[PDB]
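Contents: one structure, followed by commentary.
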Amino acid sequence: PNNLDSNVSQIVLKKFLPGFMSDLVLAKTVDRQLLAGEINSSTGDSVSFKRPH
Amino acid sequence: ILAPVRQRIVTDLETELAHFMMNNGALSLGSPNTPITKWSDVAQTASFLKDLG
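Top line first, the protein sequences correspond to chains A and F.
Residues are numbered in the authors' numbering as their position in the first sequence, beginning at 1, plus a constant of 1.
Residues are numbered in the authors' numbering as their position in the second sequence, beginning at 1, plus a constant of 107.
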């Protein structure tokens, strides 16, 4: 009975298996231009826009 | 603020026009409960104008 297990080694290759994904379709299609930059440190925690007449 | 006032004038122009077309025009087709549904519901109008001359 040969015993060879000290002759070799346990290797873990450097590659990852692919994981599960998800898609972002709501963030893409709502509005952004309007509310961008409008809450800053002069504002406090909220800001208001104007309903049309 | 005053930008919408001009749409208001025209909307009111063309709502009154529609009531003048009801109150004047003599012709009528179909029954008032029933919706426009199938192709023949619209097409009867072209041929009642055609047949009338």
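Note that the Cβ used here is the ideal one computed from N, Cα and C, for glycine as well.
Original post:
Any Cβ of chain F within less than 8 Å of the Cβ of residue 53 of chain A?
Top reply: Here residue 53 of chain A refers to the residue found at position 52 of the first sequence. Answer yes: the Cβ-Cβ gap between residue 53 of chain A and chain F drops below 8 Å somewhere.
Note down, one range per segment and in chain order, each alpha helix (DSSP H) of at least 4 residues found wholly within the region 8-47 of chain A. 27-30
**Asked** In three-state DSSP terms, what is residue 118 of chain F?
**Response** Looking up residue 118 of chain F in the second sequence gives position 11. Note: residue 118 of chain F maps to helix in three-state DSSP.
- Can you give me, in chain order, the residues of the region 116-127 of chain F that have a beta carbon less than 9 Å from any beta carbon in chain B? Among the protein chains in the structure shown, which are A and F, there is no chain B.
Assigned secondary structure, residue 6 of chain A (DSSP; H/G/I helix, E/B strand, else coil): Walking along the first sequence from the start, residue 6 of chain A turns up at place 5. DSSP places residue 6 of chain A in coil when its eight states are reduced to three.
Rounding to the nearest angstrom, what Cα-Cα distance links residue 124 of chain F and residue 134 of chain F in this structure? Position 17 of the second sequence, counting from 1, holds the residue named residue 124 of chain F. Position 27 of the second sequence, counting from 1, holds the residue named residue 134 of chain F. The alpha-carbon atoms of residue 124 of chain F and residue 134 of chain F are separated by roughly 17 Å.
- Below 8 Å CB to CB, which residues in the same chain sit around residue 35 of chain A once its five sequence neighbours on both sides are set aside? Within the first sequence, the letter at position 34 stands for residue 35 of chain A. 50, listed in sequence order.
**Prompt:** Which residues bound the alpha helix (DSSP H) around residue 159 of chain F?
**Reply:** The residue labelled residue 159 of chain F in the question sits at position 52 within the second sequence. That run of the alpha helix (DSSP H) goes 146-159.
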